[PDB]
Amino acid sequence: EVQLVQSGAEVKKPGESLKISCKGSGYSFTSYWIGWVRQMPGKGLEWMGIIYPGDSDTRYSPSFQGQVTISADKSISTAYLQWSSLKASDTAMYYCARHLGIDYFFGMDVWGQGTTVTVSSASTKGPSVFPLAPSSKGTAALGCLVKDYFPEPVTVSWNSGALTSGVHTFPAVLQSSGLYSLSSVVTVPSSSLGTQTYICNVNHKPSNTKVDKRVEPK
């Protein structure tokens, strides 16, 4: 019944201000420090700082001092993390967590579910879907290249969900253009390239983009 609930995912552009929130339930919010923790994509955890909502005493890590402002509204058990001018490098996952002790330390024992912040100069854009046709050849590989979309996520299924065995859908990479790209592949017996049909179903809900791409051998 003790819990912290964070506000929803954020897609922002560089320079914009942003204020994300962390609401406490089931305990005396003003009796404990609340901390904020950063995790950049593919990286470990970084302690940013803490606030005591009883009197808004705030302590920042020297790594984040002056880069962010932590605040709190004691009357609604909410803590806040804010930037006045977001950077692309601020793209990360942010957790709030209850921080136990100053001159002693018993860890951070209650965590929010996290808030994703994406900071890009890009605007919403649906993907392009290119075939990855099987070569001349027994196991064969074929797939779809899902290129130049924003923001995440995109979903890929094969033959409307009828083909799941041997399917690998890769994490997206961020290209130099600020657009995302990924690929989905599937290994099939080369016996069935002349008979079995292979279609990849790509859905990008931020742009309402649904694409079905038939992958044929050359």
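Sequential numbering from 1, following the sequence displayed.
Coordinates are given for every deposited residue between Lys87 and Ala88; the gap count there is zero. Mean CA temperature factor is higher for 177 to 185 when stretches 44 to 52 and 177 to 185 are set side by side in the entry. Relative to one another, 147 to 155 and 189 to 197 have unequal mean CA B-factors, and 189 to 197 is the one with the higher figure.
Going by the entry's values, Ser207 shows the largest Cα B-factor out of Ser17, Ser25, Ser21, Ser207.
Comparing C-alpha B-factors across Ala79, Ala92, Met108, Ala140 in the deposited entry, the largest value falls on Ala140.
Placement of the Cα temperature factor of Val215 within the chain: highest third of the modelled residues, per the deposited record. Looking at the C-alpha B-factors along this chain, the one for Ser135 belongs to the highest third. Split the chain's modelled residues into thirds by C-alpha temperature factor. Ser71 is in the middle one.
Ranked by C-alpha B-factor against the other modelled residues of its chain, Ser128 falls in the highest third. When the modelled residues of the chain are ordered by their C-alpha B factor, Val37 lands in the lowest third.
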